[PDB]
Amino acid sequence: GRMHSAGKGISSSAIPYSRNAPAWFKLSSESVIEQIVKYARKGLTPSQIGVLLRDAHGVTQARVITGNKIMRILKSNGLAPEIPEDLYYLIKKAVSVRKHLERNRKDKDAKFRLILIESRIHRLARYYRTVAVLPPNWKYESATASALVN
Amino acid sequence: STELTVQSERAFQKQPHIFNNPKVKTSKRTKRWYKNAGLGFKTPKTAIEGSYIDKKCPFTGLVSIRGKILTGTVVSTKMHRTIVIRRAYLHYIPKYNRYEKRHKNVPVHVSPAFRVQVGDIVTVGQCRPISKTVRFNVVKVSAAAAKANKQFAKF
Amino acid sequence: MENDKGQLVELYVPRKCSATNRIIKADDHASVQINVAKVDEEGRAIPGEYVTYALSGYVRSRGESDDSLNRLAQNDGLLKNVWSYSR
Amino acid sequence: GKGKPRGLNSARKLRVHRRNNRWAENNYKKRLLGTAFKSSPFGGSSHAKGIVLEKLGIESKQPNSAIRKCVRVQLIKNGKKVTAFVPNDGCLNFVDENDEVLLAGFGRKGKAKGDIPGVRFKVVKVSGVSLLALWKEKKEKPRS
Amino acid sequence: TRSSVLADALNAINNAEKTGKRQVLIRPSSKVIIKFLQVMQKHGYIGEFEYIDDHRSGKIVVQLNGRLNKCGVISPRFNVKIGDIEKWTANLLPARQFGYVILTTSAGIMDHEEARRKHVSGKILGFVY
Amino acid sequence: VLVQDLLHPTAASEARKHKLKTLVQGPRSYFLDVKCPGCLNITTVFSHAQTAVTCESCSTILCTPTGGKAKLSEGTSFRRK
RNA sequence: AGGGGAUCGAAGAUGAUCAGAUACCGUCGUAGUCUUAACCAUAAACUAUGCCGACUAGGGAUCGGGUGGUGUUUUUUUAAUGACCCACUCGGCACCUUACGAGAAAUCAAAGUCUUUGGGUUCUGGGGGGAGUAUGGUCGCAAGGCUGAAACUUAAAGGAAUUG
RNA sequence: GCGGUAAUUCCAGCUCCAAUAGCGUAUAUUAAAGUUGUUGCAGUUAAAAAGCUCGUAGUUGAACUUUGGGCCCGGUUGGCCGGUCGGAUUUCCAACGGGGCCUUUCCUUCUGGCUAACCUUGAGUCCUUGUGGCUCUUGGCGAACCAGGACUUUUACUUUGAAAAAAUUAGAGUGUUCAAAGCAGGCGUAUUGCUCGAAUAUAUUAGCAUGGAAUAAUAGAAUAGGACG
RNA sequence: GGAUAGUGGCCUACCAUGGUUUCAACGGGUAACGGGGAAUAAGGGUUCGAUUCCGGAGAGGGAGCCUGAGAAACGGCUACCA
Ligand SMILES: [Mg+2]
Ligand SMILES: [Mg+2]
Ligand SMILES: [Mg+2]
Ligand SMILES: [Mg+2]
Ligand SMILES: [Mg+2]
Ligand SMILES: [Mg+2]
Ligand SMILES: [Mg+2]
Ligand SMILES: [Mg+2]
Ligand SMILES: [Mg+2]
Ligand SMILES: [Mg+2]
Ligand SMILES: [Mg+2]
Ligand SMILES: [Mg+2]
Ligand SMILES: [Mg+2]
Ligand SMILES: [Mg+2]
Ligand SMILES: [Mg+2]
Ligand SMILES: [Mg+2]
Ligand SMILES: [Mg+2]
Ligand SMILES: [Mg+2]
Ligand SMILES: [Mg+2]
Ligand SMILES: [Mg+2]
Ligand SMILES: [Mg+2]
Ligand SMILES: [Mg+2]
Ligand SMILES: [Mg+2]
Ligand SMILES: [Mg+2]
Ligand SMILES: [Mg+2]
Ligand SMILES: [Mg+2]
Ligand SMILES: [Mg+2]
Ligand SMILES: [Mg+2]
Ligand SMILES: [Mg+2]
Ligand SMILES: [Mg+2]
Ligand SMILES: [Mg+2]
Ligand SMILES: [Mg+2]
Ligand SMILES: [Mg+2]
Ligand SMILES: [Mg+2]
Ligand SMILES: [Mg+2]
Ligand SMILES: [Mg+2]
Ligand SMILES: [Mg+2]
Ligand SMILES: [Mg+2]
Ligand SMILES: [Mg+2]
Ligand SMILES: [Zn+2]
């Protein structure tokens, strides 16, 4: 439990048993797929969209009112990023940590923290790479990461 | 391997005793001999269609497959017209009543009738000593590319 | 524990905890056997005649003697409510 | 599981690990290092024959007070020098300098006997005969 | 991380019995757990059990009587060579007349006596007595 | 204790437990229809919004985010479903 | 290698003490103590207790988070806030009581679920000295760090507890 | 551990003990040793958790995908009868196993060669009032396997079997006078010869061949370059 | 291509840059010939096999070779070393 710290926090969504319905929910697959798109068209991550759809609208789970996961919907409509969201936000973070370590070569904690973030990055790239969503020998270099994300 | 040129030696490359009489005006220039290697290994069309020479080809050459028929996976294709395969296997160690991963690399000839690449599983048939190390000949590719085209650009 | 030919062998077939159906062996000197009196019409308690229950030393040490007796006697009819099979 | 692998394929790790740890066996390590053949005054062999250099009077360890009669012997196949004990009452009178003697171990896997410091061997014969026989007087020491 | 889902199911059952309980929740169940549960049951070592369907991996409630000394799992699933079956039962059963080594074979998850009768062998799952 | 019904837990002692430690798991967050009588329609808010849900037409507000349950904007009303 | 150098203060020098007193106590006080840039890589670096996962038993406090209340208190005109009280629930740092259970014991919610001996995995030990010595390798400006033997010697060394 | 003056221990006499044509000593190894620990060790304080975290090799890795129900076939123990002149087979019976069907269910696939099996039936019937019973050819079973084509995701495990030197080992038979052995030998008309043997088991890793399809891997259709025609 | 009884870097010529390795290559040690087997008896194991049978290798050490179907032979020859 918790891969890069002592934390044992059990804590997640307890998803509902009901795989269909909500019965009080009208609308249509049509409607919210359109909704999914125009949002992602503004540049929104699928996660953001799921959240955005969860609060303002009634969208209990996107995958229930629509047959599909939010990222898959995006990919279908030709809206998928160059790399997966989670890898992105890792790289984006390592960038911000490094940019700080360059400004603060005396912050050993940050050095340590950087390592962890990159060790998580490289392990995740290794995964995506195994399942073809990243080209064989795709690799995170720090010298080139700043480009990748911004 | 081969590729291109075919006549790229000091010596003129030809299948032995397959005469083409110049007087007789043929429409295919060179008469080509081939065989069915046996054990139900289809002699691929690239061999019959081919123009390459290779006297160590199991289908167009002077060798024969007889003995062990092993499979292994390609691990090096640097040698011109010959490859190396890794043969994994778990070796049972009685006292502990468990196993350890072992392997052996094996050198095998590879006919330019085939286009092998690192990663392919390949079936090889034993033949006569073909070189210092090589006692095997790629006889069918039980693979292709291992999904190469399915990692292309972005949408 | 019979033998070769039908004959009963090995003396003594131990009692069992009414509650856990484990054996109550000799040196288990913390176990218990509660004789509960059969009674007839208009009070009165029919001497020498009991509904009886046994209880392993284990169980009583673990403090489960009272809850376990409750369930046992109640599903015989000597208790009427008290014990919930749910929690 | 504390501490060994249990896996079905962890056989190699389990053998290596054993090999590594056998070297803590005193007997095993001497066997493979070849201690016998290398150090140790005998070859690794049961007895050795040598030549008597001088007669020693080794003073015994505490809590014992005695003079333990012994001999310095130079091993023939070796030139290795060794001191050895001469068992039983008298028996030092049965040896002599430059005499040939047949040494054996003390049954203690190397290691000194009891209250005799240093001594790891005992005499078994002299001039081809054996103490025992000379002692119980059933045989006599040879001419020269 | 959970290595053997069977291992938890047995040790749970074992700790119930030891503490004098008459039931256990177990989590998360599997085809293999069920079949192992099934064998024990067929032989009296537990009562009835219920599979509750979380929309996930499953939970199980076992009802146990108290005839059970031990139900253990065998951590690597070693191969047994049908003749080696004797050596397992001996190693780890209380006597030659009762108790079972239960194991996985091409012809189903079955105890060694059924295994003997059907003349099959395979890999070793665990045991009951 | 020692013998009890794991299969039919009482609703109360099931209610006090953690969402992942009930018999089968489910959420304990609800949805609601929410309205401010200036407008005539009813937006649907999630009890734990995170996003500060803006009304349909009027940039008004509706609920701010919190640690958990969103705090609904002062002068409003709601129903659960 | 620069800066800093109040304080305390290895070294050194002193006053006493003492049979002696290279010390303990007092005085002077060099390095040092602080900081920058680079080295070093060791502490009883300790919970003398590897990590991940499961299960097994009771109690009251407390830290963080969240949920529930016609709880208290704050007044203004009731609220909203806030702080507080009660119940519950995750995840913490701990204590209490027990022991089914464990241990050579001291003790231990793990050091339990182990001869009825198998969830996964890493590491280390194999009597005491000899000795963390010799030797080679390697790192270090140095001090030294890592790796690390044997010959020989020895019947005990050692742990917990009991009575004196 | 004994021996420094009454030595249960040395040197002897006496007597007694153990094994005995043999018994002691030295060295090595094996058992004892769960003190090398796979089975099966130990690591708070006895020897032993790297100061700490990351991490490659290595070992390990949650759950889910044909289950349930119906029908037939023939085996091998065991009961209760025995029909019979120790063992025998039908039906009554349980029990334990193998095979093959139908349930939405590739069995690689065509193209014939083959058919053994009934949906058949062509006649009727030895005979217990008849589905108890098999011979019996003219419409209608595939797979049982020949052989030619055309093509096949890849492994582990397990089963049965082939191929397999003798001697050793385990073990059957046989009275080398016994026995370790040996593979002999045993019956008569011992005057013209009769005859039983010289078994079986183990033989494992790997390779070969067959059956299984649980457990554990591998591969599959997502920029459709998907599948069948 | 040459050479061989014959495949083969076996050798030569041209050409290329390959081959093995933490699943331990390569190197070192072996008081190492390998096997059938031996010893020790709960099991799992531990230790041993120069030595009656199978295989291999050698004839003081190296190399060369004649005869011959078969030897790089040693109770054959030739040379060098001892
Ligand atoms: Mg957790
Ligand atoms: Mg980690
Ligand atoms: Mg969270
Ligand atoms: Mg090349
Ligand atoms: Mg050591
Ligand atoms: Mg001297
Ligand atoms: Mg200063
Ligand atoms: Mg001083
Ligand atoms: Mg002075
Ligand atoms: Mg001084
Ligand atoms: Mg240290
Ligand atoms: Mg401490
Ligand atoms: Mg507690
Ligand atoms: Mg509150
Ligand atoms: Mg002493
Ligand atoms: Mg004391
Ligand atoms: Mg006297
Ligand atoms: Mg006397
Ligand atoms: Mg005497
Ligand atoms: Mg004896
Ligand atoms: Mg085992
Ligand atoms: Mg130990
Ligand atoms: Mg210690
Ligand atoms: Mg530590
Ligand atoms: Mg799994
Ligand atoms: Mg076999
Ligand atoms: Mg035989
Ligand atoms: Mg060549
Ligand atoms: Mg090169
Ligand atoms: Mg190694
Ligand atoms: Mg040798
Ligand atoms: Mg050997
Ligand atoms: Mg030999
Ligand atoms: Mg020799
Ligand atoms: Mg020769
Ligand atoms: Mg000689
Ligand atoms: Mg030379
Ligand atoms: Mg010669
Ligand atoms: Mg000769
Ligand atoms: Zn509004």
# chains A, B, ... in the order shown; residues from 1 in each chain; ligands from 1

call {"tool": "closest_atom_pairs", "arguments": {"of": "chain E", "to": "chain B", "cutoff": "12 Å", "atoms": "only C-alpha atoms", "output": "Markdown table"}}
result
| residue | atom | partner | partner_atom | distance |
| --- | --- | --- | --- | --- |
| E:76 | CA | B:98 | CA | 9.0 |
| E:77 | CA | B:98 | CA | 10.2 |
| E:78 | CA | B:97 | CA | 7.6 |
| E:79 | CA | B:97 | CA | 8.6 |
| E:80 | CA | B:97 | CA | 10.1 |
| E:81 | CA | B:97 | CA | 11.8 |
| E:84 | CA | B:97 | CA | 11.9 |

call {"tool": "interface_residues", "arguments": {"of": "chain I", "to": "chain E", "cutoff": "12 Å", "atoms": "only C-alpha atoms (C1' of nucleotides)", "output": "ChimeraX atom specification"}}
result
/I:42-44

call {"tool": "write_last_selection", "arguments": {"atoms": "C-alpha atoms (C1' of nucleotides)", "output": "PDB file, in the first residue's frame"}}
result
ATOM      1  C1'   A I  42      12.152 -42.813   8.939  1.00  0.00           C
ATOM      2  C1'   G I  43      11.972 -39.644   4.870  1.00  0.00           C
ATOM      3  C1'   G I  44      14.519 -35.504   2.373  1.00  0.00           C
TER       4        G I  44
END

call {"tool": "residues_near_ligand", "arguments": {"ligand": "ligand 3", "cutoff": "8 Å", "atoms": "only C-alpha atoms (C1' of nucleotides) and all ligand atoms", "output": "PDB file with N, CA and C atoms, in the first residue's frame"}}
result
ATOM      1  N   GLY A   9      -2.910   4.660   3.670  1.00  0.00           N
ATOM      2  CA  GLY A   9      -4.239   5.197   3.468  1.00  0.00           C
ATOM      3  C   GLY A   9      -5.138   4.399   2.549  1.00  0.00           C
ATOM      4  N   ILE A  10      -6.081   3.671   3.132  1.00  0.00           N
ATOM      5  CA  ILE A  10      -7.127   3.026   2.347  1.00  0.00           C
ATOM      6  C   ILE A  10      -8.109   4.134   2.125  1.00  0.00           C
ATOM      7  N   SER A  11      -8.614   4.309   0.912  1.00  0.00           N
ATOM      8  CA  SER A  11      -9.366   5.518   0.615  1.00  0.00           C
ATOM      9  C   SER A  11      -9.683   5.636  -0.849  1.00  0.00           C
ATOM     10  N   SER A  12     -10.930   5.407  -1.223  1.00  0.00           N
ATOM     11  CA  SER A  12     -11.262   5.514  -2.624  1.00  0.00           C
ATOM     12  C   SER A  12     -12.736   5.722  -2.785  1.00  0.00           C
TER      13      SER A  12
END

call {"tool": "residues_near_ligand", "arguments": {"ligand": "ligand 22", "cutoff": "9 Å", "atoms": "only C-alpha atoms (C1' of nucleotides) and all ligand atoms", "output": "list in words"}}
result
residues 125 and 126 of chain G; 34, 35, 41 and 42 of chain H

call {"tool": "residues_around", "arguments": {"residues": "residue 113 (chain A)", "least_positions_apart": "3", "cutoff": "10 Å", "atoms": "only C-alpha atoms (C1' of nucleotides)", "output": "JSON, numbers by chain"}}
result
{"A": [4, 94, 97, 98, 108, 109, 110, 116, 117, 118, 119], "H": [54]}

call {"tool": "write_last_selection", "arguments": {"atoms": "N, CA, C and O atoms (P, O5', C5', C4', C3', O3' and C1' of nucleotides)", "output": "PDB file, in the first residue's frame"}}
result
ATOM      1  N   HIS A   4       5.619   4.788  -2.824  1.00  0.00           N
ATOM      2  CA  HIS A   4       6.828   5.586  -2.559  1.00  0.00           C
ATOM      3  C   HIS A   4       6.802   6.332  -1.222  1.00  0.00           C
ATOM      4  O   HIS A   4       7.400   7.390  -1.093  1.00  0.00           O
ATOM      5  N   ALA A  94       7.747  16.793 -12.363  1.00  0.00           N
ATOM      6  CA  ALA A  94       9.186  16.665 -12.360  1.00  0.00           C
ATOM      7  C   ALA A  94       9.815  17.904 -12.972  1.00  0.00           C
ATOM      8  O   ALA A  94      10.883  18.338 -12.549  1.00  0.00           O
ATOM      9  N   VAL A  97       9.681  20.550 -10.274  1.00  0.00           N
ATOM     10  CA  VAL A  97      10.604  20.238  -9.180  1.00  0.00           C
ATOM     11  C   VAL A  97      12.046  20.493  -9.581  1.00  0.00           C
ATOM     12  O   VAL A  97      12.852  20.998  -8.788  1.00  0.00           O
ATOM     13  N   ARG A  98      12.376  20.142 -10.817  1.00  0.00           N
ATOM     14  CA  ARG A  98      13.732  20.318 -11.301  1.00  0.00           C
ATOM     15  C   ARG A  98      14.036  21.806 -11.416  1.00  0.00           C
ATOM     16  O   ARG A  98      15.016  22.284 -10.870  1.00  0.00           O
ATOM     17  N   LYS A 108      18.301  19.495  -0.453  1.00  0.00           N
ATOM     18  CA  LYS A 108      18.457  18.059  -0.629  1.00  0.00           C
ATOM     19  C   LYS A 108      17.128  17.306  -0.651  1.00  0.00           C
ATOM     20  O   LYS A 108      17.016  16.283  -1.322  1.00  0.00           O
ATOM     21  N   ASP A 109      16.125  17.809   0.066  1.00  0.00           N
ATOM     22  CA  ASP A 109      14.836  17.144   0.077  1.00  0.00           C
ATOM     23  C   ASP A 109      14.290  17.081  -1.346  1.00  0.00           C
ATOM     24  O   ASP A 109      13.827  16.034  -1.801  1.00  0.00           O
ATOM     25  N   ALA A 110      14.380  18.202  -2.056  1.00  0.00           N
ATOM     26  CA  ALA A 110      13.889  18.289  -3.431  1.00  0.00           C
ATOM     27  C   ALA A 110      14.619  17.332  -4.342  1.00  0.00           C
ATOM     28  O   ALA A 110      14.076  16.875  -5.338  1.00  0.00           O
ATOM     29  N   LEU A 116      12.174  10.349  -6.808  1.00  0.00           N
ATOM     30  CA  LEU A 116      11.008   9.512  -6.637  1.00  0.00           C
ATOM     31  C   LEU A 116      10.062   9.722  -7.788  1.00  0.00           C
ATOM     32  O   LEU A 116       9.539   8.764  -8.361  1.00  0.00           O
ATOM     33  N   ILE A 117       9.843  10.987  -8.128  1.00  0.00           N
ATOM     34  CA  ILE A 117       8.916  11.308  -9.201  1.00  0.00           C
ATOM     35  C   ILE A 117       9.400  10.695 -10.516  1.00  0.00           C
ATOM     36  O   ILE A 117       8.611  10.155 -11.286  1.00  0.00           O
ATOM     37  N   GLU A 118      10.698  10.757 -10.763  1.00  0.00           N
ATOM     38  CA  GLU A 118      11.219  10.208 -12.005  1.00  0.00           C
ATOM     39  C   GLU A 118      11.196   8.675 -12.008  1.00  0.00           C
ATOM     40  O   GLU A 118      10.974   8.043 -13.046  1.00  0.00           O
ATOM     41  N   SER A 119      11.431   8.085 -10.840  1.00  0.00           N
ATOM     42  CA  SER A 119      11.387   6.640 -10.702  1.00  0.00           C
ATOM     43  C   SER A 119       9.985   6.123 -10.909  1.00  0.00           C
ATOM     44  O   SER A 119       9.797   4.950 -11.220  1.00  0.00           O
TER      45      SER A 119
ATOM     46  P     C H  54      11.916   2.764  -1.348  1.00  0.00           P
ATOM     47  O5'   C H  54      12.514   3.290  -2.710  1.00  0.00           O
ATOM     48  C5'   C H  54      12.104   4.532  -3.241  1.00  0.00           C
ATOM     49  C4'   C H  54      13.010   4.942  -4.363  1.00  0.00           C
ATOM     50  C3'   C H  54      13.201   3.914  -5.455  1.00  0.00           C
ATOM     51  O3'   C H  54      12.146   3.959  -6.381  1.00  0.00           O
ATOM     52  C1'   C H  54      15.307   4.736  -4.786  1.00  0.00           C
TER      53        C H  54
END

call {"tool": "residues_near_ligand", "arguments": {"ligand": "ligand 11", "cutoff": "10 Å", "atoms": "only C-alpha atoms (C1' of nucleotides) and all ligand atoms", "output": "list in words"}}
result
residues 42, 43 and 45 of chain G; 50 and 51 of chain H

call {"tool": "write_last_selection", "arguments": {"atoms": "C-alpha atoms (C1' of nucleotides)", "output": "PDB file, in the first residue's frame"}}
result
ATOM      1  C1'   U G  42      30.847   6.510  10.008  1.00  0.00           C
ATOM      2  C1'   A G  43      27.334   6.346  15.620  1.00  0.00           C
ATOM      3  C1'   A G  45      22.891   5.845  12.826  1.00  0.00           C
TER       4        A G  45
ATOM      5  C1'   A H  50      22.549  -3.098   5.475  1.00  0.00           C
ATOM      6  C1'   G H  51      21.958   4.218   8.852  1.00  0.00           C
TER       7        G H  51
END

call {"tool": "interface_residues", "arguments": {"of": "chain F", "to": "chain E", "cutoff": "7 Å", "atoms": "only C-alpha atoms", "output": "mmCIF file with C-alpha atoms, in the first residue's frame"}}
result
data_model
loop_
_atom_site.group_PDB
_atom_site.id
_atom_site.type_symbol
_atom_site.label_atom_id
_atom_site.label_comp_id
_atom_site.auth_asym_id
_atom_site.auth_seq_id
_atom_site.Cartn_x
_atom_site.Cartn_y
_atom_site.Cartn_z
ATOM 1 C CA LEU F 2 -19.004 -16.608 18.758
ATOM 2 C CA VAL F 3 -22.110 -17.058 16.575
ATOM 3 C CA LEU F 6 -22.679 -12.196 8.801
ATOM 4 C CA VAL F 24 -21.270 -5.004 -0.320
#

call {"tool": "interface_residues", "arguments": {"of": "chain G", "to": "chain A", "cutoff": "8 Å", "atoms": "only C-alpha atoms (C1' of nucleotides)", "output": "VMD selection string"}}
result
chain G and resid 52 90 to 91

call {"tool": "residues_around", "arguments": {"residues": "region 101-113 of chain H", "least_positions_apart": "3", "cutoff": "9 Å", "atoms": "only C-alpha atoms (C1' of nucleotides)", "output": "PDB file with C-alpha atoms (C1' of nucleotides), in the first residue's frame"}}
result
ATOM      1  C1'   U H  66     -18.665 -24.209 -20.353  1.00  0.00           C
ATOM      2  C1'   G H  69     -29.096 -30.299 -16.137  1.00  0.00           C
ATOM      3  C1'   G H  70     -30.852 -34.898 -19.296  1.00  0.00           C
ATOM      4  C1'   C H  71     -29.860 -39.591 -21.785  1.00  0.00           C
ATOM      5  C1'   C H  72     -27.429 -43.888 -23.272  1.00  0.00           C
ATOM      6  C1'   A H 143     -14.566 -39.465 -38.395  1.00  0.00           C
ATOM      7  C1'   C H 146      -6.317 -44.928 -44.335  1.00  0.00           C
ATOM      8  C1'   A H 147      -3.776 -40.607 -48.410  1.00  0.00           C
ATOM      9  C1'   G H 148      -3.591 -36.673 -51.513  1.00  0.00           C
ATOM     10  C1'   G H 149      -4.272 -31.443 -51.035  1.00  0.00           C
ATOM     11  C1'   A H 150      -4.949 -26.971 -48.452  1.00  0.00           C
ATOM     12  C1'   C H 151      -3.472 -24.515 -42.789  1.00  0.00           C
ATOM     13  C1'   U H 152      -2.330 -24.947 -38.020  1.00  0.00           C
TER      14        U H 152
END

call {"tool": "closest_residue", "arguments": {"among": "I:67, I:78, I:30, I:40", "to": "chain D", "atoms": "only C-alpha atoms (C1' of nucleotides)"}}
result
I:30

call {"tool": "closest_atom_pairs", "arguments": {"of": "chain D", "to": "chain H", "cutoff": "8 Å", "atoms": "only C-alpha atoms (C1' of nucleotides)", "output": "CSV"}}
result
residue,atom,partner,partner_atom,distance
D:5,CA,H:59,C1',7.1
D:7,CA,H:59,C1',6.7
D:9,CA,H:59,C1',7.4
D:10,CA,H:59,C1',6.0
D:18,CA,H:36,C1',6.7
D:21,CA,H:36,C1',6.7
D:22,CA,H:36,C1',5.9
D:25,CA,H:36,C1',7.7
D:44,CA,H:27,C1',7.7
D:45,CA,H:27,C1',6.1
D:46,CA,H:27,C1',4.0
D:47,CA,H:26,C1',6.6
D:104,CA,H:26,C1',5.4
D:105,CA,H:26,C1',5.6
D:106,CA,H:26,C1',7.3
D:107,CA,H:26,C1',7.0

call {"tool": "write_last_selection", "arguments": {"atoms": "C-alpha atoms", "output": "PDB file, in the first residue's frame"}}
result
ATOM      1  CA  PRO D   5      12.420 -17.810  -1.055  1.00  0.00           C
ATOM      2  CA  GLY D   7       8.834 -19.772  -5.116  1.00  0.00           C
ATOM      3  CA  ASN D   9      11.466 -21.272  -9.602  1.00  0.00           C
ATOM      4  CA  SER D  10      13.763 -20.074  -6.853  1.00  0.00           C
ATOM      5  CA  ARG D  18      23.371 -22.961   0.549  1.00  0.00           C
ATOM      6  CA  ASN D  21      26.636 -20.754   3.760  1.00  0.00           C
ATOM      7  CA  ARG D  22      28.399 -24.105   3.854  1.00  0.00           C
ATOM      8  CA  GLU D  25      31.005 -25.356   8.366  1.00  0.00           C
ATOM      9  CA  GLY D  44      46.492 -35.713   5.698  1.00  0.00           C
ATOM     10  CA  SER D  45      47.438 -39.350   6.303  1.00  0.00           C
ATOM     11  CA  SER D  46      46.753 -41.445   9.430  1.00  0.00           C
ATOM     12  CA  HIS D  47      50.277 -41.851  10.791  1.00  0.00           C
ATOM     13  CA  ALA D 104      49.815 -41.071  15.143  1.00  0.00           C
ATOM     14  CA  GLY D 105      47.188 -38.512  16.044  1.00  0.00           C
ATOM     15  CA  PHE D 106      45.672 -38.105  19.494  1.00  0.00           C
ATOM     16  CA  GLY D 107      42.032 -38.606  18.505  1.00  0.00           C
TER      17      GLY D 107
END

call {"tool": "interface_residues", "arguments": {"of": "chain A", "to": "chain H", "cutoff": "12 Å", "atoms": "only C-alpha atoms (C1' of nucleotides)", "output": "ChimeraX atom specification"}}
result
/A:3-6,72-73,75-78,80,109,111-120,122-123,132-133

call {"tool": "residues_near_ligand", "arguments": {"ligand": "ligand 23", "cutoff": "10 Å", "atoms": "only C-alpha atoms (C1' of nucleotides) and all ligand atoms", "output": "number ranges by chain"}}
result
G: 48, 159; H: 43-48

call {"tool": "residues_near_ligand", "arguments": {"ligand": "ligand 13", "cutoff": "10 Å", "atoms": "only C-alpha atoms (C1' of nucleotides) and all ligand atoms", "output": "number ranges by chain"}}
result
G: 57-59, 109

call {"tool": "decode", "arguments": {"residues": "region 11-37 of chain C", "atoms": "C-alpha atoms", "output": "PDB file, in the first residue's frame"}}
result
ATOM      1  CA  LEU C  11     -12.881 -47.000  26.498  1.00  0.00           C
ATOM      2  CA  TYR C  12     -14.637 -43.728  27.082  1.00  0.00           C
ATOM      3  CA  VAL C  13     -16.220 -41.492  24.443  1.00  0.00           C
ATOM      4  CA  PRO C  14     -15.734 -37.923  25.698  1.00  0.00           C
ATOM      5  CA  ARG C  15     -18.521 -35.326  26.065  1.00  0.00           C
ATOM      6  CA  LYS C  16     -18.695 -32.270  23.809  1.00  0.00           C
ATOM      7  CA  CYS C  17     -19.149 -28.559  24.215  1.00  0.00           C
ATOM      8  CA  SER C  18     -22.803 -27.867  23.414  1.00  0.00           C
ATOM      9  CA  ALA C  19     -21.431 -24.592  22.002  1.00  0.00           C
ATOM     10  CA  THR C  20     -18.386 -25.562  19.892  1.00  0.00           C
ATOM     11  CA  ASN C  21     -18.646 -29.365  19.555  1.00  0.00           C
ATOM     12  CA  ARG C  22     -15.012 -29.710  20.621  1.00  0.00           C
ATOM     13  CA  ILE C  23     -14.065 -32.482  23.129  1.00  0.00           C
ATOM     14  CA  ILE C  24     -14.197 -31.792  26.836  1.00  0.00           C
ATOM     15  CA  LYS C  25     -11.211 -33.765  28.136  1.00  0.00           C
ATOM     16  CA  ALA C  26     -10.344 -34.813  31.686  1.00  0.00           C
ATOM     17  CA  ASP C  27      -7.947 -32.123  32.923  1.00  0.00           C
ATOM     18  CA  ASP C  28     -10.361 -29.522  31.493  1.00  0.00           C
ATOM     19  CA  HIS C  29     -11.411 -28.680  35.010  1.00  0.00           C
ATOM     20  CA  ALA C  30     -12.797 -25.292  34.011  1.00  0.00           C
ATOM     21  CA  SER C  31     -15.650 -26.707  31.939  1.00  0.00           C
ATOM     22  CA  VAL C  32     -19.235 -26.875  33.006  1.00  0.00           C
ATOM     23  CA  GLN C  33     -22.447 -28.862  32.603  1.00  0.00           C
ATOM     24  CA  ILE C  34     -25.655 -26.914  33.335  1.00  0.00           C
ATOM     25  CA  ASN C  35     -28.695 -28.976  34.243  1.00  0.00           C
ATOM     26  CA  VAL C  36     -31.844 -26.908  33.520  1.00  0.00           C
ATOM     27  CA  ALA C  37     -35.092 -28.133  35.111  1.00  0.00           C
TER      28      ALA C  37
END
